[PDB]
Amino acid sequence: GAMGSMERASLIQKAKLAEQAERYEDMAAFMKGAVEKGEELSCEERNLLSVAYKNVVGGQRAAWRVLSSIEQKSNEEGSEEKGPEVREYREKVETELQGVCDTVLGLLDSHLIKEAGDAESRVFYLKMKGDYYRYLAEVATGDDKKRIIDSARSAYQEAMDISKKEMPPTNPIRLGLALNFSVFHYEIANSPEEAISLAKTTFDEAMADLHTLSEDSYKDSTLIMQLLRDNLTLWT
């Protein structure tokens, strides 16, 4: 790998510089190099990995949605034929997006998840696994769509089971997991009632635990609770 010659600490340092410079592709490449050193990641390092790939795939997803919208309009009645170019370019972006998701899933499978024993690391990685299968599901249309959806579901479910046993209801990882699993239910699994129920129960159980928190932890938890509330307002 192109980062094989760089020290682990230098890769982490450069990932932080890349973030400051908004160079998210570089940041992801540095963090991939750091993971491939084979040591477990600290909490801060896990968050750098996540930020890097979330920003890369986020740009790809936004571009894919623009292109898919254009393609769908081209397929309406009365639309002038423009040739294969819209489909081709949507496919190009789609293939790049799938490659990034496969890269992340590959890091998780070789070998982040299997070495993650603490709840905070294991839930973090399983949530990531659910998220990147969810991004694959957003673009899937073929024989494997059901299996991709079930892979996302299974990863989220394992993360949920651990988080409910091992973490308080206000823990930000637990909250973000529940938020994303609720989005999965609504947008991927055609289960809006499940999405709504999960968001409401998550919000209410976190509300009841806020009294145990410091001011700083309260701020962290309430920020994510507000996203649950925003979704509930959209969905109801």
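In this text, the rigid core denotes the largest set of C-alpha atoms whose superposition between the two forms falls within 1.5 Å. Quick note: we count residues from 1 along the sequence shown, nothing fancier.
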Output the stretch, either 31-39 or 206-214, that has more C-alpha displacement from this form in 9 other deposited structures of this protein following superposition by the rigid core. 206-214
After a core fit, does 217-225 or 14-22 show the bigger CA gap to the shown form in 9 other deposited structures of this protein? 217-225
Do at least a third of the other entries of this protein fail to model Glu80? yes
Do the CA atoms of 171-179 or those of 63-71 have the higher mean B-factor in the entry? 63-71
Using only the Cα atoms and their B-factors as the entry lists them, report which of 124-132 and 160-168 averages higher. 160-168
Going by the deposited entry, which of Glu187, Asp26, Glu45, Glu194 has the highest CA temperature factor? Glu187
For the CA B factor values reported in this entry, which option in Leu107, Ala119, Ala152, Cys101 has the top one? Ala119
Where does the C-alpha B-factor of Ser214 rank in its chain, lowest, middle or highest third? highest
Please place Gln20 in the lowest, middle or highest third of its chain by C-alpha B factor as given in the entry. highest
Considering every modelled residue of the chain and its Cα B-factor in the PDB entry, is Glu36 in the lowest, middle or highest third? lowest
Taking the entry's C-alpha B-factors for this chain, is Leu228 in the lowest, middle or highest third? middle
